[PDB]
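Here's the structure, in structure tokens; my notes come after.
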Amino acid sequence: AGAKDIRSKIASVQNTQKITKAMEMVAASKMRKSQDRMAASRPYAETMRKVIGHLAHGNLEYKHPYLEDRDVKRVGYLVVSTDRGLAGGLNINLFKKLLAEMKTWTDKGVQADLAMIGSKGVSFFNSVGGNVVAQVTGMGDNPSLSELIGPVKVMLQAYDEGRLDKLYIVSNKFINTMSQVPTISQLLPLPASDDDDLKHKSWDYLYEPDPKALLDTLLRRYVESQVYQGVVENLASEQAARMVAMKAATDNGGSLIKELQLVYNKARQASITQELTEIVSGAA
Amino acid sequence: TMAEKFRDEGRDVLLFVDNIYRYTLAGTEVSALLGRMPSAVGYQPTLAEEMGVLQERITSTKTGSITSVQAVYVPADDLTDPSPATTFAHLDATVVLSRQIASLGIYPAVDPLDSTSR
Amino acid sequence: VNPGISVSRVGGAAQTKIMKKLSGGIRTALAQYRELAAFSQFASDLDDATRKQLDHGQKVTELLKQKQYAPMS
Amino acid sequence: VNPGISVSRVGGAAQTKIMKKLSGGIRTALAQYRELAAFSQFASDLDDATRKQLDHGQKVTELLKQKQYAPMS
Amino acid sequence: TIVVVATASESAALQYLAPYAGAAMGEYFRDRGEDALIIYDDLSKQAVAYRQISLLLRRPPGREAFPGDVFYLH
Amino acid sequence: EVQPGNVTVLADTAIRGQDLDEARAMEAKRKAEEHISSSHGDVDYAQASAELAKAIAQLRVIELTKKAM
Amino acid sequence: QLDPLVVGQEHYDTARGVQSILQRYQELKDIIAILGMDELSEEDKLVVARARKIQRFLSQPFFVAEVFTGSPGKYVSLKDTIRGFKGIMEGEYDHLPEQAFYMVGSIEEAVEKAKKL
Numbered sequence: 001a002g003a004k005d006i007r008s009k010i011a012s013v014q015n016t017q018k019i020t021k022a023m024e025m026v027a028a029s030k031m032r033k034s035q036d037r038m039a040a041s042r043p044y045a046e047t048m049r050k051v052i053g054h055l056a057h058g059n060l061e062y063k064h065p066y067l068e069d070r071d072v073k074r075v076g077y078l079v080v081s082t083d084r085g086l087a088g089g090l091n092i093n094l095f096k097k098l099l100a101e102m103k104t105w106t107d108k109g110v111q112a113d114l115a116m117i118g119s120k121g122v123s124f125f126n127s128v129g130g131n132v133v134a135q136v137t138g139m140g141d142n143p144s145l146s147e148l149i150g151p152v153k154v155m156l157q158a159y160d161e162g163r164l165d166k167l168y169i170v171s172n173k174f175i176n177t178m179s180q181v182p183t184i185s186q187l188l189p190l191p192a193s194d195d196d197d198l199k200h201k202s203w204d205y206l207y208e209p210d211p212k213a214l215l216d217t218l219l220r221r222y223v224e225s226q227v228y229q230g231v232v233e234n235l236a237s238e239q240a241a242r243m244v245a246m247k248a249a250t251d252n253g254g255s256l257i258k259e260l261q262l263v264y265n266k267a268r269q270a271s272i273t274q275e276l277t278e279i280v281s282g283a284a
Numbered sequence: 225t226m227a228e229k230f231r232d233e234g235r236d237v238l239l240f241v242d243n244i245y246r247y248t249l250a251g252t253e254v255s256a257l258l259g260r261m262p263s264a265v266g267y268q269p270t271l272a273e274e275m276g277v278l279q280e281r282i283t284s285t286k287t288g289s290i291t292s293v294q295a296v297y298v299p300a301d302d303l304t305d306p307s308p309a310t311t312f313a314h315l316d317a318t319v320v321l322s323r324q325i326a327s328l329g330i331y332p333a334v335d336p337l338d339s340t341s342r
Numbered sequence: 368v369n370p371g372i373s374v375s376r377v378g379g380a381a382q383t384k385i386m387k388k389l390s391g392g393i394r395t396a397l398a399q400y401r402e403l404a405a406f407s408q409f410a411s412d413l414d415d416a417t418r419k420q421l422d423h424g425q426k427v428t429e430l431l432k433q434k435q436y437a438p439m440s
Numbered sequence: 368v369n370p371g372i373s374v375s376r377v378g379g380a381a382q383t384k385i386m387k388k389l390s391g392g393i394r395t396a397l398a399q400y401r402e403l404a405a406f407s408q409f410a411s412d413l414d415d416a417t418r419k420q421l422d423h424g425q426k427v428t429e430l431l432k433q434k435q436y437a438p439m440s
Numbered sequence: 221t222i223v224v225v226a227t228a229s230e231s232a233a234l235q236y237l238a239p240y241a242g243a244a245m246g247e248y249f250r251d252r253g254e255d256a257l258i259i260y261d262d263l264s265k266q267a268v269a270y271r272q273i274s275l276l277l278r279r280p281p282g283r284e285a286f287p288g289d290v291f292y293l294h
Numbered sequence: 070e071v072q073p074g075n076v077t078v079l080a081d082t083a084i085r086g087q088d089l090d091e092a093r094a095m096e097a098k099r100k101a102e103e104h105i106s107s108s109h110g111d112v113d114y115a116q117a118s119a120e121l122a123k124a125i126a127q128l129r130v131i132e133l134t135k136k137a138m
Numbered sequence: 343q344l345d346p347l348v349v350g351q352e353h354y355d356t357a358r359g360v361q362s363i364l365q366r367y368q369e370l371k372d373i374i375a376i377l378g379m380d381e382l383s384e385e386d387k388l389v390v391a392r393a394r395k396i397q398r399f400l401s402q403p404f405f406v407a408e409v410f411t412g413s414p415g416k417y418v419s420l421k422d423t424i425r426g427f428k429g430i431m432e433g434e435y436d437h438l439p440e441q442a443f444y445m446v447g448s449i450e451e452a453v454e455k456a457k458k459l
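Quick mapping for you: the protein sequence lines, in order, are chains A, B, C, D, E, F and G.
For what it's worth, the deposited numbering labels the leading residue of the first sequence as 1, then goes sequentially.
For what it's worth, the deposited numbering labels the leading residue of the second sequence as 225, then goes sequentially.
For what it's worth, the deposited numbering labels the leading residue of the third sequence as 368, then goes sequentially.
For what it's worth, the deposited numbering labels the leading residue of the fourth sequence as 368, then goes sequentially.
For what it's worth, the deposited numbering labels the leading residue of the fifth sequence as 221, then goes sequentially.
For what it's worth, the deposited numbering labels the leading residue of the sixth sequence as 70, then goes sequentially.
For what it's worth, the deposited numbering labels the leading residue of the seventh sequence as 343, then goes sequentially.
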């Protein structure tokens, strides 16, 4: 105990509570900027997916490896993770979901390969011992596509070279400003579309120079966009998860102030009485 | 004792004590002057008696009644200190006034969440 | 023994010159470890340069531990 | 009535055997139910039977609530 | 039921003696082979009244300024 | 891509090529075969993280507070 | 008497390891109270989980407490207690829940209690 030692700890917890309030404010602004950047990315993927759907599932459906379900013997995951802490359980929730789905796959005896976005995933998977084969880290507030190009390229090359037979992205979906969910989604072979372009019966493109090489480029760019979107959604999920976590930490500090102040009051009362009793009893 | 003379006449009386904590503190000073041993936190040994001898006369009677409104001061913001702890034993109601409610231009600036009555 | 909170005002004057030579790096390693101790609860947020000091100061602290009734020459 | 802190050092010997057999160990169950609902604040994770356990502990705490001057035989 | 009253205005000797009178009334039923129940409505005020009486008699106090006796009191 | 009454240019954000993309994939592979990782640029998070790490260190607040948990 | 020459090395090491991880859990508790558990290292969470399982396994029912709780009293030999604490510390029981260890005798009763939840 000791009245001064307790008051020092009360001050140190108040200082912690103030720091956590500032971190909550900063995260609550970064979340808005990130979730607007998230909306700036939709048109590219939407209009490209309508084109791919016209070339691939419409009239004169061209054949491509990415379109069709060749038999599976090993699987590839692109995993997005943060470079930062204090985000709550977000990355461990995602990595435990991955390790469960990857273990179900390895029950069937298939092998699995990982490519990492962000330093947290690298650290965790190397501690677990996962087979990471490519990585990019230090994206910060500023995720570029021209840095995603690398690991996406490795996983696309491994697919067309015939090694990987299925490709996934593993990411948190931002749904509400206080609700995010870890998800695994299939990138390749291309997901089935719900819509039918039979109403595009009435027209066809003038394909310059030739449709097959153009469909190859379209599919490569689309996989890239879908990965970039998964990175930006995970980044906005990171800002919202940090906001909520710093809110909770500020309330925990505020409760701990009450409990420390009660202990301080008792200590200072006991000190007053033990002194005044020594003085009065000393005077014969 | 003036409020008591109003009571005997059959009326309902209000008695305002502008700071009862200072009544406690002057009892402490007089106790020290008389040379009596100091109690739990230096307060006089007769604290809870000196307080009850005052607060027990403020009662309703089958001739009249005295109600009392007492401004209270809590040393070091400690609701456990013997003076607040002895005073709260007697209070029936508790009205808290807050500057936030006044900055909102709301008068009276009574805080309805902390204001309390048994 | 809690180093750094514990003082000897005699210092090296009461040491063999081999001990006096070797002790200064122990003192500086533990002083740096004490300064960088706070970050230890968030070790894998840190830079590798400070990380090498943090895990060196742990190894010195582990090296000082010693069983009772086994005096060392 | 705060469980866990409150105890009866005479115990079951005071009770009518119907009440003894029916009420068993529930105060210790609430001691842990209170400490665990206090520790596991973030979410109802590891939902093995905690959705039963904690709904039972809520249902019982709600059932023990009683209005004064209404004594139950 | 019997009711024993020692209000807050009354001398501290009455306050701390009041629970022993109540126990002396309960003990009669006890020693006649009957059942009695007794509620002491604040021992923590009995202790304060006894502390007042003890500090007026100049006895050296202990922890929280209570006399050394106080455990024997309860 | 041009349509009846509409046109769109799905522009690339960086120069693309067989070699540039293979060099980027080669660096992405090397960084994973080693265990080399970079530093995020969030200096604000770094400041707040280190202030909170020093502030929370050795409080001794539990056992001082009789919270069991 | 908690010296290796009097008690023997295995007992002494088991008791010191129990003290060491319970102290490390105590040191974690203040940061767990402010930030919450998620921030801990994946090493720190393992020593917290083991320390909590140790804190539960230290409990024991008593033949004289057989009137405050209905549980039968248990007598645990020194061999069985060091065998169980040494088993918990090195993680061979990492898969059981904490409630499997509350108010049991030897560890073979905890493995049974785990089945009944």
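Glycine included, each C-beta is placed from N, C-alpha and C at the ideal position.
If distances are taken between C-alpha atoms only, which option among B:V265, B:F230 and B:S322 comes closest to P308 of chain B?
Residue 308 of chain B sits at position 84 when you count from the first residue of the second sequence. Here the closest residue by C-alpha is B:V265.
Do we get a CB-CB distance below 7 Å when we pair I131 of chain F with the residues of chain A?
Start at 1 with the first residue of the sixth sequence, and residue 131 of chain F comes out as number 62. No, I131 of chain F lies away from the interface with chain A (no Cβ there is under 7 Å from its Cβ).
Rounding to the nearest angstrom, what Cα-Cα distance links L187 of chain A and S225 of chain A in this structure?
As a first step, residue 187 of chain A is located in the first sequence; it is residue number 187 there, counting from the start. As a first step, residue 225 of chain A is located in the first sequence; it is residue number 225 there, counting from the start. Cα to Cα, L187 of chain A sits roughly 11 Å from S225 of chain A.
For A124 of chain F, which of helix, strand or coil comes out of DSSP?
Position 55 of the sixth sequence holds residue 124 of chain F. DSSP, read as helix, strand or coil, puts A124 of chain F in helix.
Alpha carbon to alpha carbon, how far is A117 of chain F from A27 of chain A? Give it in angstroms, no decimals.
The residue labelled residue 27 of chain A in the question sits at position 27 within the first sequence. The residue labelled residue 117 of chain F in the question sits at position 48 within the sixth sequence. Those two C-alpha atoms are separated by around 12 Å.
Helix, strand or coil for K166 of chain A? Go by DSSP, reduced to three states.
Here the question's residue 166 of chain A lines up with position 166 in the first sequence. Of the three classes helix, strand and coil, the one that applies to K166 of chain A here is strand, per DSSP.
Helix, strand or coil for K108 of chain A? Go by DSSP, reduced to three states.
For the purposes of this step, residue 108 of chain A is taken as residue 108 along the first sequence, with counting starting at 1. Looking at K108 of chain A - three-state DSSP - the assignment turns out to be coil, as it is neither helix nor strand.
Please specify which runs of the beta strand (DSSP E), each continuous and at least 3 residues long, are wholly inside the stretch 175 to 228 of chain A, giving them in chain order.
179 to 188
Mapping the DSSP letters down to three states, classify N75 of chain F as helix, strand or coil.
By one-based count along the sixth sequence, residue 75 of chain F stands at place 6. Judged by DSSP in its simplified three-state form, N75 of chain F adopts strand.
Strictly under 7 Å for the Cβ-Cβ distance: is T273 of chain A near chain E by that measure?
Numbered from its first residue, the first sequence carries residue 273 of chain A at position 273. Chain E, which has a Cβ nearer than 7 Å to the Cβ of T273 of chain A, makes this yes.
Return helix, strand or coil for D236 of chain B, following the three-state DSSP convention.
In the second sequence, residue 236 of chain B corresponds to position 12, counting from 1. Looking at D236 of chain B - three-state DSSP - the assignment turns out to be strand.
Using a Cβ-Cβ cut-off of 7 Å, state whether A267 of chain E counts as contacting chain A.
On the fifth sequence, residue 267 of chain E is found 47 positions in, with the first residue counted as 1. Taking Cβ atoms only, chain A never reaches closer than 7 Å to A267 of chain E, which makes this a no.
Over the uninterrupted beta strand (DSSP E) stretch that includes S229 of chain E, give me the two end residues.
Position 9 of the fifth sequence, counted from the first residue, corresponds to residue 229 of chain E. First-last for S229 of chain E: undefined, no H or E at that position.
Give the range of the alpha helix (DSSP H) segment to which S413 of chain G is assigned.
Position 71 of the seventh sequence, counted from the first residue, corresponds to residue 413 of chain G. No alpha helix (DSSP H) contains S413 of chain G, which DSSP labels as neither H nor E.
Which class does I424 of chain G belong to by DSSP, given the choice of helix, strand or coil?
The count along the seventh sequence starts at 1 and reaches residue 424 of chain G at position 82. Three-state result, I424 of chain G: helix.
Shorter than 7 Å from the beta carbon of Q408 of chain C to some beta carbon of chain G?
Sequence index remark: in the third sequence, residue 408 of chain C carries index 41 (1-based). By this cut-off, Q408 of chain C is an interface position.
Could you tell me which residues DSSP puts in a beta bridge with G288 of chain B?
Residue 288 of chain B sits at position 64 when you count from the first residue of the second sequence. B:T285, per the DSSP bridge assignment.
Which bits of chain F does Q157 of chain A rub up against, with CB to CB less than 8 Å?
The residue labelled residue 157 of chain A in the question sits at position 157 within the first sequence. Those within 8 Å of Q157 of chain A in chain F are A94.
Below 7 Å on C-beta distance, what does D412 of chain C contact in chain A?
Here residue 412 of chain C refers to the residue found at position 45 of the third sequence. Near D412 of chain C (Cβ distances below 7 Å), the residues of chain A are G85.
Mind reading off the beta-carbon distance from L276 of chain E to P332 of chain B? Whole number of angstroms is fine, and I expect it under 8 Å.
Residue mapping note: residue 276 of chain E aligns to position 56 of the fifth sequence, counting from 1. Residue mapping note: residue 332 of chain B aligns to position 108 of the second sequence, counting from 1. The beta-carbon distance between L276 of chain E and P332 of chain B, rounded to whole angstroms, is 44 Å. This is too long to meet the 8 Å contact definition.
Can you list, in chain order, the residues of the stretch 375 to 391 of chain G whose Cβ is nearer than 7 Å to any Cβ on chain F?
If the cut-off is 7 Å between Cβ atoms, the stretch 375 to 391 of chain G has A375 and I376 near chain F.
For the stretch 111 to 135 of chain A, which residues have a CB atom closer than 7 Å to at least one CB atom of chain C, in sequence order?
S123
In the DSSP assignment, find the beta strand (DSSP E) that holds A134 of chain A and state where it starts and stops.
Counting from 1 along the first sequence, the entry for residue 134 of chain A is found at position 134. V132 to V136 is the span of the beta strand (DSSP E), which, as asked, contains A134 of chain A.
Ends of the beta strand (DSSP E) at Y436 of chain D?
Counted from its first residue, the fourth sequence places residue 436 of chain D at position 69. Premise fails: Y436 of chain D is in no beta strand (DSSP E) and is neither H nor E.
With distance defined between alpha-carbon atoms, name the residue in D:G371, D:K387 and D:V368 nearest to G412 of chain G.
In the seventh sequence, residue 412 of chain G corresponds to position 70, counting from 1. Comparing Cα-Cα distances from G412 of chain G to each of D:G371, D:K387 and D:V368, the minimum goes to D:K387.
Mapping DSSP to helix, strand and coil, what is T311 of chain B?
Counted from its first residue, the second sequence places residue 311 of chain B at position 87. Helix.
With C-beta atoms as the reference, is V446 of chain G less than 7 Å away from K455 of chain G?
Along the seventh sequence, one-based indexing puts residue 446 of chain G at 104. Along the seventh sequence, one-based indexing puts residue 455 of chain G at 113. In this structure, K455 of chain G lies closer than 7 Å to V446 of chain G by Cβ.
Selection of the stretch 267 to 288 of chain B by Cβ proximity to chain A, strictly under 7 Å:
none
Could you name each continuous beta strand (DSSP E) segment of 3 residues or more that falls completely within the stretch 61 to 111 of chain A, going from the start of the chain to the end?
74 to 80
Sequence-distant residues of its chain with Cβ nearer than 8 Å to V293 of chain B (five each side left out)
Here residue 293 of chain B refers to the residue found at position 69 of the second sequence. Taken in chain order, the residues that qualify are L238, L239, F240 and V241.
Tell me which same chain residues have a C-beta within less than 7 Å of the C-beta of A158 of chain A, skipping the five on either side of it?
By 1-based counting over the first sequence, the position of residue 158 of chain A is 158. Same-chain partners within the cutoff: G76 and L164.
Check whether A256 of chain E and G242 of chain E have beta carbons under 7 Å apart
For this step, residue 256 of chain E is matched to residue 36 along the fifth sequence. For this step, residue 242 of chain E is matched to residue 22 along the fifth sequence. Cβ atoms of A256 of chain E and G242 of chain E: not closer than 7 Å.
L55 of chain A: first and last residue of the uninterrupted alpha helix (DSSP H) it sits in:
Along the first sequence, one-based indexing puts residue 55 of chain A at 55. It spans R42 to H57 - the alpha helix (DSSP H) in which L55 of chain A sits, taken as one unbroken run.
Could you check where the alpha helix (DSSP H) with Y292 of chain E kicks off and where it finishes?
Within the fifth sequence, residue 292 of chain E is the residue found at index 72, counting from 1. Unbroken alpha helix (DSSP H) run through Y292 of chain E: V290 to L293.
Whole angstroms are fine: how far does the CA of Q180 of chain A sit from the CA of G88 of chain A?
Working through the first sequence from its first residue, we reach residue 88 of chain A at position 88. Working through the first sequence from its first residue, we reach residue 180 of chain A at position 180. Distance between the alpha carbons of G88 of chain A and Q180 of chain A: 12 Å.
From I257 of chain A to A398 of chain C, what distance separates their C-alpha atoms?
Along the first sequence, read from residue 1 onward, the residue named residue 257 of chain A stands at position 257. Along the third sequence, read from residue 1 onward, the residue named residue 398 of chain C stands at position 31. Those two C-alpha atoms are separated by around 32 Å.
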